[PDB]
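**Q** Take this structure, written in structure tokens, and hold onto it; I'll ask about it next.
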Amino acid sequence: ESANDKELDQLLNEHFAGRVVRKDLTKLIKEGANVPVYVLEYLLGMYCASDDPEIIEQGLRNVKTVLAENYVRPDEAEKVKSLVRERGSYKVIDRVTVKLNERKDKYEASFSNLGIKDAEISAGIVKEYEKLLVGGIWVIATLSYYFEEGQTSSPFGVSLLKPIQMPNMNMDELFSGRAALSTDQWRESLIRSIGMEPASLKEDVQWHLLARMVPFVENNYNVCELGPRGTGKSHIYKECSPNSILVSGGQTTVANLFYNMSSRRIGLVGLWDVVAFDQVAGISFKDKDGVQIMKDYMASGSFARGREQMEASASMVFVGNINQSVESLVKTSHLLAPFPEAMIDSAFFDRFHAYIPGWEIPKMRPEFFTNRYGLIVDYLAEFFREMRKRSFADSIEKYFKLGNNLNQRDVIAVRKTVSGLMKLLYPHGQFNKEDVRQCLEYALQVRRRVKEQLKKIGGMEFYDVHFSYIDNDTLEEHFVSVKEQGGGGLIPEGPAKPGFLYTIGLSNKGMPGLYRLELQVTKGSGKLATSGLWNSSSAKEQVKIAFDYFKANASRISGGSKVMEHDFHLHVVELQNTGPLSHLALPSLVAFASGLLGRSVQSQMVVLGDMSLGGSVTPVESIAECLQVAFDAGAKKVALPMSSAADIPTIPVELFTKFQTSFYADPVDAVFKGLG
Amino acid sequence: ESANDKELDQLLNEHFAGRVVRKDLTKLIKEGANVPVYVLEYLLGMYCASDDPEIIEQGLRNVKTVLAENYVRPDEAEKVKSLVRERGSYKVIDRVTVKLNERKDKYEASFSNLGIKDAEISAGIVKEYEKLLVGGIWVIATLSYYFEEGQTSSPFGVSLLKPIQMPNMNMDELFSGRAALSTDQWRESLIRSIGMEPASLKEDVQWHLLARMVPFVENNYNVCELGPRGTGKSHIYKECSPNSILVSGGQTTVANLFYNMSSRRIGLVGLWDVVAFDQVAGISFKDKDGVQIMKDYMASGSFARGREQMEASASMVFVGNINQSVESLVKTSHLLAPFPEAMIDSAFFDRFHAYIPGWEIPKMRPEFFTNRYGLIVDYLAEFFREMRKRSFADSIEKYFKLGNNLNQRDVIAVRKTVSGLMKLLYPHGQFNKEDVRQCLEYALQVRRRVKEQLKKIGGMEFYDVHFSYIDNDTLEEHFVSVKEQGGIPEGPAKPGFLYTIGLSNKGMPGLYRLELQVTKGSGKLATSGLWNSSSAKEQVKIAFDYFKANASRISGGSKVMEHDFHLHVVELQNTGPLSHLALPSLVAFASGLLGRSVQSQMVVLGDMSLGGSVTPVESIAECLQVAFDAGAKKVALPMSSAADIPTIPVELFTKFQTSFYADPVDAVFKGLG
């Protein structure tokens with residue numbers, strides 16, 4: 001693949017000019033070089049001619065010589081001014097920002113290090129390099145000193161000005177270059193440009209790394225990434241981007257972050273494209289409302305502060321370190337456990353457009369640091385800033401429709417993540433159905449993870465976690481799962497928690513399907529709540545009939561427990577995707593009884609049959625297929641109605657031998673058999 | 001339906017030509033745009049000619065191109081200035097305000113995003129668009145630069161300027177359009193005008209949506225709304241109105257909200273028509289007098305700061321999230337437990353002109369968003385702003401009088417809410433009696449909810465919660481219930497609770513709850529909730545007199561003359577006033593005085609005269625059916641009513657433990673067990 005790497009290299013060089021550099025060489029210079037990384041990369045690229053080892057060493061020495069010659073320390077600032085005054089001219093490497101003084105009608109340059117804030121600069125220079133007027137750029141400048149008695153202008157002037165970072169972007173050339181590369185090659189280049197080696201990483205790791213780069217290209221893209229220490233979470237936001245900030249500690253005051261009423265200056269969010277809170281273990285505010293103002297901002301993208309409502313395009317990223325195992329946190333808690341208590345709220349975490357699963361990222365080891373060609377970090381960041389202005393959210397509706405389990409906020413999050421990934425991988429705008437399918441699958445997964453955490457932390461509101469999408473041509477519905485949860489494993493071995501049971505029923509399509517009934521019992525007034533029923537009216541009537549029978553027969557079952565003093569929520573989970581179920585009165589009643597008494601349903605036990613309001617039990621239709629499903633789903637015990645008894649001979653012998661079979665008579669007997 | 005939808009579309013296109021648009025296409029632009037929505041509305045109004053899909057798509061392309069080309073990023077702001085200088089002139093999109101520099105006698109425009117504060121603009125441009133002088137409007141401007149050495153004025157000048165908001169308001173045309181439409185059509189169009197699907201919502205949700213709009217038309221009209229997340233409470237105040245501001249977090253200093261003495265400038269309450277405090281759970285003012293100033297402003301519409309009293313017409317809205325169930329919150333502190341403890345004060349909540357039950361509204365779902373024609377958001381906001389100037393609270397005196405339960409604050413609140421609804425639905429001023437009937441019922445109900453909550457906080461001082469209105473023609477007094485909250489429990493309650501069933505004034509069987517509170521006193525009797533009925537008060541007096549007469553037979557030594565009794569009637573089915581209340585009142589007095597809880601799930605039937613003669617239960621079968629519906633397990637009946645037992649259905653009768661007394665004292669004995 002090294003030869004393929006060389007064809008990649010020449011595909012770069014054909015279209016990507018010196019804006020491609022060898023990454024390893026930067027690791028040779030960044031030993032304390034005071035200029036930022038992208039400055040070093042640009043200089044090395046513009047002093048790297050033909051990659052001859054002698055030429056590499058020569059250019060490396062030239063870059064080091066220039067840096068050691070023309071740099072000025074802050075405290076030495078006064079010194080350099082004298083050198084300008086004595087010599088009449090002096091070269092300096094510094095970050096210059098240009099402003100227009102309309103009062104004097106001229107261009108005034110300001111240096112970060114030297115502290116000069118009124119250096120006269122000609123209009124031609126600023127016309128050539130417009131970035132000076134935007135945020136200021138690193139530059140090599142030839143300052144000249146000329147003073148006239150009684151003058152008002154600062155005597156310092158700028159004569160020759162050569163940028164040290166890429167000033168202007170030819171986006172069309174990049175479109176042509178990307179068109180010249182395959183998708184795999186382009187993804188490899190993107191992974192390389194941040195200093196990572198695609199050959200040392202699985203494709204899933206590559207997609208997660210691209211998800212890390214999503215916030216740089218999508219507006220108001222809130223995202224949180226939690227992982228084990230040392231997985232390279234905070235590298236990109238702090239070193240490999242000039243328009244992102246890594247707020248260390250998370251402790252920033254409201255007037256700092258959003259808007260200072262006294263000084264009437266916008267906070268961070270109006271200045272940086274990405275604001276990354278480096279830690280989450282300790283975020284606790286001086287002002288109680290900081291969480292609330294973040295909630296509003298991430299909700300709408302605009303906040304009212306003082307006398308005005310102001311917009312902002314900063315994407316907030318939250319980086320977190322986990323000391324526990326993933327399974328421990330999932331089983332004993334919710335994955336948002338490391339976040340501070342004052343931040344643990346459904347209304348807050350609902351706004352996150354993505355939960356990056358950082359733990360699948362391997363802990364970084366010098367193998368993953370690539371030594372091949374890659375785009376300059378400056379060029380990559382200019383790519384990101386340019387792509388923030390465009391949009392690709394409409395690509396989803398062209399080939400797919402979002403399922404019924406996505407409320408409006410999940411829709412927004414999925415569209416944003418898909419648009420971001422499309423911008424990274426297909427900037428030129430040419431894409432197929434498969435590509436959108438892959439991006440949509442990834443987006444649905446990452447949003448679903450937040451949805452599951454919201455479910456566990458918030459209860460009633462977030463049980464619609466069955467994220468799926470509908471094809472526009474075959475109308476086939478594809479479901480997407482998260483690996484920290486299950487998938488298959490239809491009925492696990494061992495005792496289930498009370499209130500959870502499994503049933504098999506005939507769906508709307510007539511094919512037997514497994515369902516799981518989950519009952520949540522809390523203190524209340526006997527109110528019954530429903531979820532997961534596919535909005536089926538007949539199913540809701542069945543639930544009402546079952547709960548009415550439970551209310552009428554509470555004494556005959558519980559022997560003293562009061563249903564009137566506890567509220568129940570029944571959730572239906574479909575594990576085979578056959579369709580909505582109507583025959584559910586008996587399993588729902590068994591779930592009610594199990595939850596009220598707190599008795600675990602027998603392990604691997606399937607409850608069949610249906611019951612009416614009068615307490616009559618009904619035969620199980622297509623009982624042989626239902627029992628075959630139970631065998632397939634992992635059942636070992638079955639409760640069958642005595643009415644289905646005449647249907648026993650139709651069942652194959654080897655199939656029927658697999659059940660510790662129970663035959664109930666009336667719904668209360670079925671409850672007792674289920675409870676053992 | 002669909003035919004009605006289409007004909008409404010041509011009606012909107014006819015009477016509101018150039019002011020309506022398919023609002024679905026707007027969400028096709030919103031995502032990739034920082035500009036406020038109403039500006040997009042106006043631009044699409046300008047760049048869209050008809051319903052040709054090609055025309056629509058090409059106009060969308062044109063609008064996107066315009067916005068991409070001529071928007072000014074704040075960070076990019078300085079760049080634009082240089083571009084003006086080098087090219088002589090440059091076109092920008094920005095929000096412009098104008099002030100008259102009287103020292104130079106010239107008009108200076110301020111570009112809020114660009115950073116220019118004193119750009120010279122000619123008097124003609126000022127005179128063409130007076131909206132520039134009020135709060136500044138979003139315009140497309142042609143900046144020009146012209147500098148001569150030694151000059152003192154700002155070298156930036158504006159040559160061409162076109163507004164991107166509705167510049168002028170023609171409410172004569174609006175009245176024409178409203179008169180040309182039915183009330184249902186007008187309400188449905190208003191609901192469409194905020195982007196919601198009218199057909200997908202119930203009438204009650206539509207009325208609550210209109211109650212959301214009310215603060216935009218009535219001065220100083222406070223309102224509080226708590227509800228589940230995702231109902232779009234904050235959408236209207238934050239995006240669909242240039243005359244509203246959503247203060248985030250509730251944390252605001254009195255200097256910014258009301259008046260800054262250092263700058264001698266009025267706060268938000270003088271600048272915006274609607275100030276909405278989001279997520280009220282975080283409200284807390286640094287200065288303790290802040291709550292005092294809020295109370296003063298909300299009570300009087302003006303506040304005194306230092307030595308000066310200053311007026312303001314801002315309408316305050318308080319939106320909040322509910323994290324519990326609806327019913328669970330009812331048994332919490334009241335309903336506004338979500339409100340901060342520093343704001344939990346009876347005098348504070350007494351000012352809220354309205355509670356909006358945000359919980360009943362279904363959570364926002366994409367099929368609730370309309371795709372049909374609706375008024376431009378800017379047009380609707382200007383409509384609201386102009387309608388703020390009128391008054392319609394006098395409409396009730398034309399047809400109805402208020403009840404006697406309403407104090408002056410409740411009277412003011414109900415008049416304000418009636419006026420707001422009346423302005424929203426009938427700006428043209430032509431209306432009938434039934435329309436005012438509906439609006440007045442809504443206003444009374446929403447005020448009554450606040451009254452119930454404030455009663456739950458304060459105890460006795462706010463007891464008159466039985467708000468009602470009297471017709472001027474039939475003199476029939478109609479009572480309004482909280483319905484939602486006003487939906488037999490379980491187990492014996494404390495003495496003084498009982499549930500009775502009787503035929504209301506309409507002749508319909510209904511359930512009522514009797515409440516007795518007994519304190520140390522002198523045999524005095526107090527009554528409440530009796531619908532102000534002279535007859536019902538008469539039977540209560542009859543029952544109290546009979547209880548006083550036969551106190552020895554029932555109490556066995558307890559003295560009626562040493563204790564004061566207060567009775568309360570609560571109608572839980574809204575069937576109407578009940579007159580047959582003597583026997584339940586007697587059982588109430590007996591339970592309260594003896595301190596004995598009545599038997600659980602028992603409903604007492606029948607009535608008695610002053611002499612103790614028991615009357616047969618009218619509509620015995622229907623009353624028993626009502627008892628079964630409400631959850632009654634035991635029933636007490638007169639002996640003479642047993643003759644009507646053969647008229648009772650078997651299945652209905654088998655559900656109760658039926659008790660037959662003989663005289664009222666035996667009824668007491670059966671009730672108390």
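By convention in this document, the chains of the structure tokens carry letters A, B, ... by their order, each chain's residues are numbered from 1, and ligands are numbered from 1 in the order they are shown.
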Would you pick out the contacts of residue 339 of chain B at 9 Å or less, using only C-alpha atoms, so that residues sharing its chain but fewer than 6 positions from it are not included, and give the list as an mmCIF file with C-alpha atoms, in the first residue's frame?
**A**
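Saved as selection_29.cif:
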data_model
loop_
_atom_site.group_PDB
_atom_site.id
_atom_site.type_symbol
_atom_site.label_atom_id
_atom_site.label_comp_id
_atom_site.auth_asym_id
_atom_site.auth_seq_id
_atom_site.Cartn_x
_atom_site.Cartn_y
_atom_site.Cartn_z
ATOM 1 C CA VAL B 280 -38.432 30.549 35.315
ATOM 2 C CA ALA B 281 -36.861 27.946 37.612
ATOM 3 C CA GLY B 282 -33.648 29.977 37.408
ATOM 4 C CA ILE B 283 -35.104 33.385 38.307
ATOM 5 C CA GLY B 320 -41.337 27.205 32.511
#
**Q** Please tabulate, as CSV, the residues of chain B that come within 8 Å of chain A, each with its closest pair of atoms and the distance in Å to one decimal, counting only C-alpha atoms and ordering rows by chain, then residue number upward.
**A**
residue,atom,partner,partner_atom,distance
B:32,CA,A:391,CA,6.7
B:34,CA,A:311,CA,7.2
B:75,CA,A:134,CA,6.5
B:76,CA,A:134,CA,5.4
B:77,CA,A:134,CA,8.0
B:78,CA,A:133,CA,6.2
B:79,CA,A:133,CA,5.1
B:81,CA,A:100,CA,7.5
B:82,CA,A:100,CA,6.8
B:147,CA,A:105,CA,7.3
B:154,CA,A:102,CA,7.7
B:155,CA,A:102,CA,6.8
B:229,CA,A:347,CA,7.5
B:245,CA,A:309,CA,7.1
B:246,CA,A:304,CA,6.2
B:247,CA,A:304,CA,5.4
B:248,CA,A:304,CA,5.9
B:249,CA,A:292,CA,5.6
B:251,CA,A:289,CA,7.3
B:252,CA,A:306,CA,7.6
B:256,CA,A:306,CA,6.3
B:257,CA,A:306,CA,8.0
B:267,CA,A:307,CA,7.6
B:268,CA,A:307,CA,6.2
B:279,CA,A:292,CA,7.9
B:282,CA,A:289,CA,6.3
B:364,CA,A:408,CA,7.7
B:365,CA,A:408,CA,6.4
B:366,CA,A:408,CA,6.5
B:490,CA,A:564,CA,7.7
**Q** Which is closest to residue 401 of chain A among A:478, A:343, A:353, A:447, if we use only C-alpha atoms?
**A** A:478
**Q** Quick one: everything within 6 Å of segment 660-667 of chain B, counting only C-alpha atoms, minus sequence neighbours fewer than 6 positions away in the same chain. Send it as number ranges by chain.
**A** B: 636-639
**Q** Give me every strand (DSSP E or B) residue in segment 240-274 of chain B, going by DSSP on the backbone, as a list in words.
**A**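 Listing strand (DSSP E or B) positions across segment 240-274 of chain B yields residues 244, 245, 246, 247, 259, 260, 265, 266 and 274 of chain B.
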**Q** Just to be explicit: take each residue in the selection above, keep C-alpha atoms, and write the result as a PDB file, in the first residue's frame.
**A**
ATOM      1  CA  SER B 244     -40.578  40.423  21.879  1.00  0.00           C
ATOM      2  CA  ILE B 245     -37.435  39.430  23.756  1.00  0.00           C
ATOM      3  CA  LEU B 246     -36.763  36.122  25.509  1.00  0.00           C
ATOM      4  CA  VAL B 247     -34.582  36.972  28.502  1.00  0.00           C
ATOM      5  CA  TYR B 259     -33.932  51.703  34.633  1.00  0.00           C
ATOM      6  CA  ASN B 260     -30.213  52.497  34.689  1.00  0.00           C
ATOM      7  CA  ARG B 265     -32.086  55.258  30.411  1.00  0.00           C
ATOM      8  CA  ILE B 266     -35.161  53.060  30.703  1.00  0.00           C
ATOM      9  CA  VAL B 274     -43.252  41.473  25.327  1.00  0.00           C
TER      10      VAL B 274
END
**Q** With a distance cut-off of 9 Å and only C-alpha atoms, select the neighbouring residues of residue 187 of chain B, excluding the residue or stretch itself and same-chain residues fewer than 3 positions from it, and output the selection as an mmCIF file with N, CA, C and O atoms, in the first residue's frame.
**A**
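The result, stored in result_28.cif:
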data_model
loop_
_atom_site.group_PDB
_atom_site.id
_atom_site.type_symbol
_atom_site.label_atom_id
_atom_site.label_comp_id
_atom_site.auth_asym_id
_atom_site.auth_seq_id
_atom_site.Cartn_x
_atom_site.Cartn_y
_atom_site.Cartn_z
ATOM 1 N N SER B 182 -64.836 34.498 7.947
ATOM 2 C CA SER B 182 -65.567 34.062 9.124
ATOM 3 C C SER B 182 -64.645 34.026 10.337
ATOM 4 O O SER B 182 -63.419 34.074 10.223
ATOM 5 N N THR B 183 -65.260 33.936 11.518
ATOM 6 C CA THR B 183 -64.482 33.855 12.750
ATOM 7 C C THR B 183 -63.626 32.595 12.777
ATOM 8 O O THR B 183 -62.452 32.641 13.169
ATOM 9 N N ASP B 184 -64.191 31.463 12.358
ATOM 10 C CA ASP B 184 -63.415 30.230 12.298
ATOM 11 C C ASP B 184 -62.251 30.369 11.328
ATOM 12 O O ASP B 184 -61.123 29.960 11.629
ATOM 13 N N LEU B 190 -54.923 32.719 11.812
ATOM 14 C CA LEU B 190 -53.998 33.175 12.843
ATOM 15 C C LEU B 190 -53.130 32.029 13.338
ATOM 16 O O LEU B 190 -51.920 32.196 13.533
ATOM 17 N N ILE B 191 -53.728 30.855 13.549
ATOM 18 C CA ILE B 191 -52.940 29.703 13.979
ATOM 19 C C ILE B 191 -51.924 29.322 12.909
ATOM 20 O O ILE B 191 -50.784 28.955 13.218
ATOM 21 N N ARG B 192 -52.321 29.396 11.638
ATOM 22 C CA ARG B 192 -51.366 29.159 10.558
ATOM 23 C C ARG B 192 -50.244 30.188 10.574
ATOM 24 O O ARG B 192 -49.113 29.892 10.175
ATOM 25 N N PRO B 198 -53.483 24.045 11.451
ATOM 26 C CA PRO B 198 -54.775 24.206 12.135
ATOM 27 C C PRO B 198 -55.589 22.929 12.222
ATOM 28 O O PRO B 198 -56.210 22.664 13.259
ATOM 29 N N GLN B 206 -56.196 25.442 20.157
ATOM 30 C CA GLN B 206 -56.190 26.699 19.416
ATOM 31 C C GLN B 206 -56.448 27.885 20.336
ATOM 32 O O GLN B 206 -55.806 28.934 20.207
ATOM 33 N N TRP B 207 -57.387 27.741 21.269
ATOM 34 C CA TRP B 207 -57.671 28.843 22.178
ATOM 35 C C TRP B 207 -56.494 29.103 23.107
ATOM 36 O O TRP B 207 -56.192 30.258 23.429
ATOM 37 N N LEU B 210 -54.030 31.068 21.135
ATOM 38 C CA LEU B 210 -54.406 32.477 21.100
ATOM 39 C C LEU B 210 -54.086 33.162 22.423
ATOM 40 O O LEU B 210 -53.665 34.327 22.449
ATOM 41 N N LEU B 424 -57.707 40.037 19.370
ATOM 42 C CA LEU B 424 -57.124 39.021 18.500
ATOM 43 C C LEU B 424 -58.136 38.498 17.491
ATOM 44 O O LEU B 424 -57.837 38.404 16.297
ATOM 45 N N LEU B 425 -59.337 38.156 17.948
ATOM 46 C CA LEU B 425 -60.301 37.536 17.050
ATOM 47 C C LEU B 425 -61.144 38.539 16.276
ATOM 48 O O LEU B 425 -61.492 38.275 15.120
#
**Q** Tell me, as an NGL selection string, which residues lie within 12 Å of residue 572 of chain A, counting only C-alpha atoms; anything in the same chain fewer than 6 positions away does not count.
**A** :A and (463-466 or 499-504 or 514-520 or 529-536 or 539-540 or 543 or 579-582 or 584 or 587-588 or 591)
**Q** When distances are computed from only C-alpha atoms, which of B:307, B:496, B:518, B:502 shows the smallest separation from residue 620 of chain B?
**A**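 Using only C-alpha atoms, residue 620 of chain B sits closest to B:502.
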**Q** Name all residues at most 8 Å from segment 229-238 of chain A (count only C-alpha atoms; drop same-chain ones fewer than 3 positions away) and give them as a VMD selection string.
**A** chain A and resid 194 225 241 244 to 246 274 276 278 319 321 to 323 358 to 359 361 to 364
**Q** Once you have the residues from the selection above, write them out as a PDB file, in the first residue's frame, restricted to N, CA and C atoms.
**A**
ATOM      1  N   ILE A 194      -4.493  15.238  10.145  1.00  0.00           N
ATOM      2  CA  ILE A 194      -4.516  15.552  11.566  1.00  0.00           C
ATOM      3  C   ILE A 194      -3.419  14.761  12.263  1.00  0.00           C
ATOM      4  N   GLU A 225     -17.935  13.912  23.694  1.00  0.00           N
ATOM      5  CA  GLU A 225     -17.123  12.713  23.522  1.00  0.00           C
ATOM      6  C   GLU A 225     -16.527  12.329  24.866  1.00  0.00           C
ATOM      7  N   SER A 241      -5.874  23.536  14.898  1.00  0.00           N
ATOM      8  CA  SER A 241      -6.868  24.440  14.338  1.00  0.00           C
ATOM      9  C   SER A 241      -6.634  25.844  14.856  1.00  0.00           C
ATOM     10  N   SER A 244     -10.345  27.391  16.853  1.00  0.00           N
ATOM     11  CA  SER A 244     -11.010  26.660  17.918  1.00  0.00           C
ATOM     12  C   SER A 244     -10.264  26.890  19.220  1.00  0.00           C
ATOM     13  N   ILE A 245     -10.993  26.830  20.327  1.00  0.00           N
ATOM     14  CA  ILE A 245     -10.422  27.091  21.641  1.00  0.00           C
ATOM     15  C   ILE A 245     -10.780  25.944  22.571  1.00  0.00           C
ATOM     16  N   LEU A 246      -9.833  25.568  23.424  1.00  0.00           N
ATOM     17  CA  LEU A 246     -10.016  24.495  24.395  1.00  0.00           C
ATOM     18  C   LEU A 246     -10.035  25.101  25.790  1.00  0.00           C
ATOM     19  N   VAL A 274     -15.175  26.577  17.198  1.00  0.00           N
ATOM     20  CA  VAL A 274     -15.370  25.459  18.112  1.00  0.00           C
ATOM     21  C   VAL A 274     -14.932  25.883  19.501  1.00  0.00           C
ATOM     22  N   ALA A 276     -14.386  24.026  23.004  1.00  0.00           N
ATOM     23  CA  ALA A 276     -14.305  22.691  23.569  1.00  0.00           C
ATOM     24  C   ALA A 276     -13.986  22.784  25.050  1.00  0.00           C
ATOM     25  N   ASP A 278     -12.663  21.142  28.084  1.00  0.00           N
ATOM     26  CA  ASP A 278     -11.651  20.092  28.164  1.00  0.00           C
ATOM     27  C   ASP A 278     -11.949  19.027  29.208  1.00  0.00           C
ATOM     28  N   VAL A 319     -15.436  17.359  26.200  1.00  0.00           N
ATOM     29  CA  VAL A 319     -14.502  16.241  26.247  1.00  0.00           C
ATOM     30  C   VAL A 319     -14.484  15.693  27.666  1.00  0.00           C
ATOM     31  N   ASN A 321     -13.267  12.325  30.454  1.00  0.00           N
ATOM     32  CA  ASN A 321     -12.443  11.174  30.796  1.00  0.00           C
ATOM     33  C   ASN A 321     -13.235  10.217  31.674  1.00  0.00           C
ATOM     34  N   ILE A 322     -13.167   8.929  31.351  1.00  0.00           N
ATOM     35  CA  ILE A 322     -13.888   7.891  32.078  1.00  0.00           C
ATOM     36  C   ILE A 322     -12.871   7.001  32.777  1.00  0.00           C
ATOM     37  N   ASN A 323     -13.090   6.747  34.067  1.00  0.00           N
ATOM     38  CA  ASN A 323     -12.234   5.853  34.835  1.00  0.00           C
ATOM     39  C   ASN A 323     -12.840   4.473  35.039  1.00  0.00           C
ATOM     40  N   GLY A 358     -15.962   7.476  22.529  1.00  0.00           N
ATOM     41  CA  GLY A 358     -14.512   7.573  22.551  1.00  0.00           C
ATOM     42  C   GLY A 358     -13.792   6.296  22.938  1.00  0.00           C
ATOM     43  N   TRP A 359     -14.455   5.374  23.636  1.00  0.00           N
ATOM     44  CA  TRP A 359     -13.764   4.186  24.120  1.00  0.00           C
ATOM     45  C   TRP A 359     -13.384   3.207  23.015  1.00  0.00           C
ATOM     46  N   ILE A 361     -11.932   4.182  20.480  1.00  0.00           N
ATOM     47  CA  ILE A 361     -10.659   4.707  19.999  1.00  0.00           C
ATOM     48  C   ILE A 361      -9.540   4.066  20.810  1.00  0.00           C
ATOM     49  N   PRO A 362      -8.607   3.366  20.172  1.00  0.00           N
ATOM     50  CA  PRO A 362      -7.492   2.780  20.920  1.00  0.00           C
ATOM     51  C   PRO A 362      -6.611   3.861  21.521  1.00  0.00           C
ATOM     52  N   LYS A 363      -6.028   3.550  22.676  1.00  0.00           N
ATOM     53  CA  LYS A 363      -5.102   4.482  23.300  1.00  0.00           C
ATOM     54  C   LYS A 363      -3.920   4.726  22.372  1.00  0.00           C
ATOM     55  N   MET A 364      -3.571   5.997  22.202  1.00  0.00           N
ATOM     56  CA  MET A 364      -2.655   6.374  21.136  1.00  0.00           C
ATOM     57  C   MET A 364      -1.240   5.901  21.437  1.00  0.00           C
TER      58      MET A 364
END
**Q** Show me, as a VMD selection string, the residues that have an atom within 9 Å of residue 409 of chain B when counting only C-alpha atoms, minus same-chain residues fewer than 6 positions from it.
**A** chain B and resid 299 350 to 351 353
**Q** Using DSSP assignments from the backbone, pull out every residue in segment 345-474 of chain A that falls under alpha helix (DSSP H) and give it to me as a PyMOL selection string.
**A** chain A and resi 346-349+377-388+395-399+408-425+433-458
**Q** Could you check the closest approach to residue 349 of chain A for each of A:275, A:224, A:280, A:640 and tell me which residue wins, using only C-alpha atoms?
**A**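 Residue with the minimum atom-to-atom distance to residue 349 of chain A: A:224.
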**Q** Please determine, counting only C-alpha atoms, which residue among B:129, B:392, B:107, B:628 has the shortest atom-to-atom distance to residue 429 of chain B.
**A** B:392
**Q** One number please: atom CA of residue 36 of chain B to atom CA of residue 80 of chain B, in Å, one decimal.
**A**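 Going from atom CA of residue 36 of chain B over to atom CA of residue 80 of chain B covers 20.9 Å.
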**Q** What is the atom CA of residue 284 of chain A to atom CA of residue 334 of chain A distance in Å?
**A**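 One can read the atom CA of residue 284 of chain A to atom CA of residue 334 of chain A distance as 20.0 Å.
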